[PDB]
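Notes to accompany the following structure.
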Amino acid sequence: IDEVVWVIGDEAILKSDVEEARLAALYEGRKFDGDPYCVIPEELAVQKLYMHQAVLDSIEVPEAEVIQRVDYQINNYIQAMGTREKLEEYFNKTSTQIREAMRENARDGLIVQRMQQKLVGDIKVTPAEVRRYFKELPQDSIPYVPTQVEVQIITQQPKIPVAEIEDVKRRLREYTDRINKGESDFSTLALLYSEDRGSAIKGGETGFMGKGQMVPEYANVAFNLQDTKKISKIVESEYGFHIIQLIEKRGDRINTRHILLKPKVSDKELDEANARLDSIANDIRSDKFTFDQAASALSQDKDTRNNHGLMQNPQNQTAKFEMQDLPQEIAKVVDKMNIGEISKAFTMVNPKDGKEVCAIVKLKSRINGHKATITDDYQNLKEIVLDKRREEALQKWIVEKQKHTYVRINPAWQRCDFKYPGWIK
């Protein structure tokens, strides 16, 4: 089913790699520059160039060492909006997928390592021609430099009420009695009420998936069951509460329908937490104890708790924010906040776990609007010119090593008008 498209020296590029990268990019906002079959082989070949040179200069390139990536591999790729069959829609198995993703990102990491090593003119507190003569030939088309924001926060998890969990158990038991007395079908109740969106639509079914990958408690009680039409006991998992009815069993692989219900936070518990946070804020305002201290004693962020509740931007790895790299809830709250003001207690979806938490924020700094003025926005300018020149130099590097290293393209695949068309004699 695969065919070897290009070969760069000793190593090869497979169409499988092409499709894999194409589907992954089509997920991450792929704007087609033309025929993907003319650009992705090009892109993969170029990273092969960097990789080739990467080993070539020295073991200097840790080759990504594989484990280096594995941390992020499970940390970011496995954390999708869904997993299992949602991912496996494309071809290959999950274990093959984890391996393929590991290789692809390892390649990318060594590219980043190489590109950094390929340019030493990038220095700090260096004029770089005092900003190339302070933006020589200043064009009428100028940058924007949008609103930068620093925000501090202290959060609280609303404690899940016991009467809610028992309400969850009560609904599950009621479901057990309704199906057993034959008052309503189990499939209909799974569809209507199950919080497992994937299983529910298909009648609550999980498919013949087994292998142990089923969370340990669910597999534990699932295989012990023998009678068909058997309602399991309420069993708790990291997702929520489950009731189980076996369908069919192929050895260790087992099919089982289940209804999942997640214990939810009552609006009243949120209202209480918010009122407590609002009281904490009044105490902050009256200077009883600073927000910095309440952050290190009461915030439940744990990543920003001790660091004065200050939010850290993932994109730039700094504390600044651009009104778009911050959660919708906080940014909305900040839109109408001046500097040095602690917010009113609000309810935010915690971005990592997907659960509701109450919080209050205090806007630390706001560089409003603004345009590049060359007097304080000079770091930005410095960055702009450096990156532009580095890309110019790297393309120069790409052209040279393109003439010095081997290139072979499937003759079914040499029709595209490739960029950097140096791969032909």
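Going by the structure tokens order, chains are called A, B, ..., each with residues numbered from 1, while ligands are numbered from 1 in the order shown.
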
Filtered DSSP result for region 301-389 of chain A, state helix (DSSP H, G or I), as an NGL selection string:
:A and (328-335 or 378-389)

Identify, on the basis of only C-alpha atoms, every residue whose closest approach to residue 163 (chain A) does not exceed 12 Å; exclude the query and any residue fewer than 4 positions from it along the same chain; express the result as number ranges by chain.
A: 159, 167-170, 263-266, 269

Just to be explicit: take each residue in the selection above, keep N, CA and C atoms, and write the result as a short mmCIF file (atom, residue, chain, number, x, y, z; two decimals), in the first residue's frame.
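This is the output file result_10.cif:
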data_model
loop_
_atom_site.label_atom_id
_atom_site.label_comp_id
_atom_site.auth_asym_id
_atom_site.auth_seq_id
_atom_site.Cartn_x
_atom_site.Cartn_y
_atom_site.Cartn_z
N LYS A 159 -15.99 21.95 46.65
CA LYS A 159 -16.03 20.59 47.18
C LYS A 159 -17.32 19.90 46.75
N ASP A 167 -26.96 11.19 45.02
CA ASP A 167 -27.98 11.33 44.00
C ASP A 167 -27.55 10.58 42.75
N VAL A 168 -26.26 10.59 42.44
CA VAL A 168 -25.77 9.84 41.28
C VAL A 168 -26.03 8.36 41.46
N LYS A 169 -25.67 7.83 42.63
CA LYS A 169 -25.90 6.42 42.92
C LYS A 169 -27.38 6.11 42.85
N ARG A 170 -28.21 7.01 43.36
CA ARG A 170 -29.64 6.79 43.35
C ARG A 170 -30.17 6.68 41.93
N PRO A 263 -20.58 12.92 39.05
CA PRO A 263 -21.08 13.82 40.10
C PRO A 263 -20.69 15.27 39.80
N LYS A 264 -21.70 16.13 39.73
CA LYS A 264 -21.56 17.53 39.32
C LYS A 264 -21.61 18.49 40.50
N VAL A 265 -21.07 19.71 40.32
CA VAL A 265 -21.06 20.73 41.37
C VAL A 265 -22.35 21.54 41.33
N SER A 266 -23.03 21.63 42.47
CA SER A 266 -24.26 22.41 42.59
C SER A 266 -23.98 23.90 42.46
N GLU A 269 -23.15 25.49 45.80
CA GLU A 269 -21.77 25.33 46.28
C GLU A 269 -20.82 26.33 45.60
#

Here is a test: counting only C-alpha atoms, which residue of A:381, A:154, A:149, A:280 is nearest to residue 367 (chain A)?
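Result for the nearest residue to residue 367 (chain A): A:149.
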
With only C-alpha atoms as the counted atoms, please give the residues lying no more than 12 Å from residue 206 (chain A), apart from itself and same-chain residues fewer than 6 positions off, as a PyMOL selection string.
chain A and resi 84-85+190+196-200+214+218-219+222+244-248+253-260

Which is closer to residue 262 (chain A) than all the others in A:239, A:134, A:37, A:223, using only C-alpha atoms?
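Checking each candidate against residue 262 (chain A), we get A:239 as the closest.
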
Counting only C-alpha atoms, what is within 9 Å of residue 291 (chain A), bar same-chain residues fewer than 4 positions away, as a PyMOL selection string?
chain A and resi 152-154+280-281+284-285+287+295-296+308-309+342+362

Please, could you write that set of residues out with C-alpha atoms as a PDB file, in the first residue's frame?
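New file part-v6.pdb:
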ATOM      1  CA  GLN A 152      -2.590  37.089  38.936  1.00  0.00           C
ATOM      2  CA  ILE A 153      -5.099  34.554  40.282  1.00  0.00           C
ATOM      3  CA  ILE A 154      -6.259  32.601  43.303  1.00  0.00           C
ATOM      4  CA  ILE A 280     -11.159  37.324  50.714  1.00  0.00           C
ATOM      5  CA  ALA A 281     -10.935  40.091  48.149  1.00  0.00           C
ATOM      6  CA  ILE A 284      -7.167  42.083  50.393  1.00  0.00           C
ATOM      7  CA  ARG A 285      -8.466  45.548  49.541  1.00  0.00           C
ATOM      8  CA  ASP A 287      -4.812  45.645  53.204  1.00  0.00           C
ATOM      9  CA  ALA A 295      -2.081  33.240  46.827  1.00  0.00           C
ATOM     10  CA  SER A 296       0.609  31.303  48.657  1.00  0.00           C
ATOM     11  CA  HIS A 308       2.240  35.514  43.663  1.00  0.00           C
ATOM     12  CA  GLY A 309      -0.674  33.796  41.875  1.00  0.00           C
ATOM     13  CA  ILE A 342      -8.951  42.285  42.121  1.00  0.00           C
ATOM     14  CA  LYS A 362      -5.920  40.917  39.851  1.00  0.00           C
TER      15      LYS A 362
END

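Neighbours of residue 368 (chain A) closer than or equal to 12 Å, with only C-alpha atoms counted and sequence neighbours fewer than 5 positions away skipped, come out as residues 144, 145, 146, 147, 148, 149, 150, 321, 322, 323, 335, 338 and 339 of chain A.
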
So that I have them on file, write out the residues from the current selection with C-alpha atoms, as a PDB file, in the first residue's frame.
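Saved to selection18.pdb:
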ATOM      1  CA  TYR A 144       0.576  46.399  15.784  1.00  0.00           C
ATOM      2  CA  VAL A 145       2.042  44.913  19.008  1.00  0.00           C
ATOM      3  CA  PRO A 146      -1.301  44.169  20.688  1.00  0.00           C
ATOM      4  CA  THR A 147      -2.508  44.474  24.215  1.00  0.00           C
ATOM      5  CA  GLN A 148      -0.148  42.728  26.601  1.00  0.00           C
ATOM      6  CA  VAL A 149      -1.565  41.648  29.948  1.00  0.00           C
ATOM      7  CA  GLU A 150      -0.216  40.223  33.180  1.00  0.00           C
ATOM      8  CA  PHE A 321      -0.667  37.542  27.899  1.00  0.00           C
ATOM      9  CA  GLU A 322      -2.308  38.731  24.652  1.00  0.00           C
ATOM     10  CA  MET A 323      -6.086  38.676  25.508  1.00  0.00           C
ATOM     11  CA  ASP A 335     -11.481  43.221  29.379  1.00  0.00           C
ATOM     12  CA  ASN A 338      -8.166  48.399  35.117  1.00  0.00           C
ATOM     13  CA  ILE A 339      -4.677  47.747  36.482  1.00  0.00           C
TER      14      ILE A 339
END

List every residue of region 164-401 of chain A that DSSP, applied to the backbone of this structure, assigns to strand (DSSP E or B), and report them as a PyMOL selection string.
chain A and resi 205+235-236+241-250+253-261+310+321+342+346-349+356-367

Which one of A:318, A:184, A:16, A:155 sits closest to residue 294 (chain A) if you count only C-alpha atoms?
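Using only C-alpha atoms, the shortest distance to residue 294 (chain A) belongs to A:155.
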
For residue 44 (chain A): contacts at 10 Å, only C-alpha atoms, fewer than 6 positions along chain excluded, given as a list in words
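So the residues in contact are residues 6, 8, 12, 13, 14, 17, 18, 21, 50, 104, 107 and 108 of chain A.
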
Restricting the calculation to only C-alpha atoms, which member of A:327, A:158, A:354, A:422 is positioned closest to residue 399 (chain A)?
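Under the stated criterion, the closest residue is A:422.
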
Using only C-alpha atoms, which of A:217, A:43, A:356, A:252 sits nearest residue 274 (chain A)?
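Smallest separation from residue 274 (chain A) among the options: A:356.
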
At a cut-off of 12 Å, using only C-alpha atoms, what residues contact residue 26 (chain A)? Leave out same-chain residues fewer than 6 positions from it and give the result as a VMD selection string.
chain A and resid 18 to 20 32 36 40

Writing out the chosen residues with N, CA and C atoms as a PDB file, in the first residue's frame:
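Okay, this is what ended up in part30.pdb:
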ATOM      1  N   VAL A  18       4.044  10.658   4.629  1.00  0.00           N
ATOM      2  CA  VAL A  18       3.357  11.768   3.990  1.00  0.00           C
ATOM      3  C   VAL A  18       1.920  11.859   4.467  1.00  0.00           C
ATOM      4  N   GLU A  19       1.190  10.748   4.355  1.00  0.00           N
ATOM      5  CA  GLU A  19      -0.229  10.731   4.796  1.00  0.00           C
ATOM      6  C   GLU A  19      -0.295  11.080   6.285  1.00  0.00           C
ATOM      7  N   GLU A  20       0.573  10.474   7.099  1.00  0.00           N
ATOM      8  CA  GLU A  20       0.525  10.694   8.537  1.00  0.00           C
ATOM      9  C   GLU A  20       0.674  12.169   8.845  1.00  0.00           C
ATOM     10  N   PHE A  32      -3.821  25.001   2.748  1.00  0.00           N
ATOM     11  CA  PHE A  32      -3.100  24.308   1.691  1.00  0.00           C
ATOM     12  C   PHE A  32      -2.397  25.347   0.826  1.00  0.00           C
ATOM     13  N   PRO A  36      -0.668  19.256  -1.509  1.00  0.00           N
ATOM     14  CA  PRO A  36       0.155  18.803  -0.381  1.00  0.00           C
ATOM     15  C   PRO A  36       1.247  17.837  -0.819  1.00  0.00           C
ATOM     16  N   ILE A  40       4.619  18.640   1.404  1.00  0.00           N
ATOM     17  CA  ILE A  40       4.970  17.755   2.521  1.00  0.00           C
ATOM     18  C   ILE A  40       6.207  16.909   2.237  1.00  0.00           C
TER      19      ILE A  40
END

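Proximity to residue 366 (chain A) was assessed for A:341, A:136, A:303, A:195 counting only C-alpha atoms; the smallest distance is recorded for A:341.
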
Suppose you want the space between CA of residue 69 (chain A) and CA of residue 352 (chain A); what is it in Å?
20.2 Å
